[PDB]
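In the structure tokens that follow, a single protein chain appears in two forms: structure 1, then structure 2.
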Structure 1
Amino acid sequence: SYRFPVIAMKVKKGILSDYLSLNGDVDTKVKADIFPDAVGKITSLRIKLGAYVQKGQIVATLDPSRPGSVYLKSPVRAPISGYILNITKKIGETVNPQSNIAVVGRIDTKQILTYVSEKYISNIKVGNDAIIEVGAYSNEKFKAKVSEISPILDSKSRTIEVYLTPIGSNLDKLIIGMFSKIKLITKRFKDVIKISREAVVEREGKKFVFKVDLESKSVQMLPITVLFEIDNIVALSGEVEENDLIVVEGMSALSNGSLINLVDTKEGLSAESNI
């Protein structure tokens, strides 16, 4: 007793990656709005979301109709072949030839569009890896690669368009028209000691961590350099080796050489990338 207790980490070398948090939409390179030829009322829908349609195929029907006439017309036809990606009108609604009824296009030319601000663009290059996230779980995250950076800077919004091509499998669930968080990876620090942000401790205008010595059951305060910090993880360099025991809870009470009580040893952070 009179000793300060702890939980430590079995520290490991790994990869900490820098990334930009962006927002983007799932688009397709080949799509088109279905516009009617006549003004009038929707009498039937012969399409469902998901349906493949031939160019010129009848998709919706209208009133025959007017007083009148003399051009009694005209069904709605698909402007190109493809899949129905959206339906924007229902039975009963009236439509002019500038009324978007639905969208058709290809499901195999998926593309993520995102507008990177002027101040962040510099660190981006074609071939960069990215994670497209629509949710928190494994089925809701997909891999991608930067395909194309526009040379044009929209002087209005101060942004450059970056396009990303998704890769891997599960891409079925990456649905066209969806919103996505994008994590665009600009760099990776390989072969660095990774530790939770908490273990790092500012005392006297300098950062340290606490290495545990199992034989003497006490700690040593070592000066450390933070190389990079992200996701509440820290990459560092120092006289910390693989498998050293560094404290990840209870550093408020400690000084250099203070005795301790090791309650449990947490397993190290993944040797592979944070993202």
Structure 2
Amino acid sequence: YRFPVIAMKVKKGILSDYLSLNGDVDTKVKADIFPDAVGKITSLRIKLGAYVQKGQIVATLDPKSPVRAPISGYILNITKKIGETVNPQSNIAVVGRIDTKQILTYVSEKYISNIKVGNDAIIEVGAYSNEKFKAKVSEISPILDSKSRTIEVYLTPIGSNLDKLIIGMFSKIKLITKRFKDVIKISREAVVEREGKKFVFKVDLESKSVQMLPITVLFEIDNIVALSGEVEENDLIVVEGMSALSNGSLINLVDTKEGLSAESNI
């Protein structure tokens, strides 16, 4: 008998660990819009998304008083209606710049000591590639909040297509903590546990059989193992049929799958 197997033509690549966070898209430069007097809002000369310049009149009161923009940028929010009464500490609207986007997140103290300015992240607002963006850590707050045990971390989105990372949006963040580089990646099920050790099966094409090689699992995630040991680029390693195999088992190579990408999982 010859056991049926599928084998992968294994490649060297990158597998990357990450910390899973939540955060918000914000901007570095923004300001609240306050009246200079007390009274009722007569007119609102702004809508969401509108561009306004420093000094420009954005609303009007009856005690006629003008409410003016304090900086130049875009209206991110309006928190007041025509009719409402207001004073110099009523926040009417928010203006901010769209060219100084930032992602804000809060990281637990135990992870902070390995995070550095320049670390890579992926910012996700959705499942598809058009909804994911690259970013880099820009700043680490000196403040530890004692109740939550978290420290604020700021990321700057880079690359192309940032016009869909909209200010105010919720995001998932994948903050890359370690990259295993130039290692053999293979589907996790290739690895088999015998007598408290780990092995894979390498196919010898000439003799149509397998050899049981010991390996070490360096890291694994998303059903992918990065391993070290006696395995090299282009070895044929069994990825279906392995539970039935032993050292020297004879097999039938039913098919050969391509190796997993050399590039990072994330």
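Basically, rigid core = biggest C-alpha set you can superpose within 1.5 Å across the two forms. Structure 1 provides the reference sequence; residues are numbered from 1 along it.
J.: Can you let me know which of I160, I58, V134, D27 is the hinge position, looking at how the rigid parts move between structures 1 and 2?
T.: Looking at the options, the one at the hinge is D27.
J.: Give me the angle, in whole degrees, that the smaller rigid part turns through against the larger one between structures 1 and 2.
T.: Smaller part versus larger part, rotation angle: 18 degrees.
J.: By how many angstrom is the Cα of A32 displaced between structures 1 and 2 when the rigid core is overlaid?
T.: Comparing between structures 1 and 2 after core fitting, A32 shifts 3.6 Å at its C-alpha.
J.: Fitting the two forms on their rigid core, what distance in Å separates the Cα positions of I87 between structures 1 and 2?
T.: With the rigid core fitted, the alpha carbon of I87 is displaced 4.8 Å between structures 1 and 2.
J.: State the core-superposed CA shift for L245 between structures 1 and 2, in Å to one decimal.
T.: C-alpha shift for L245: 0.4 Å.
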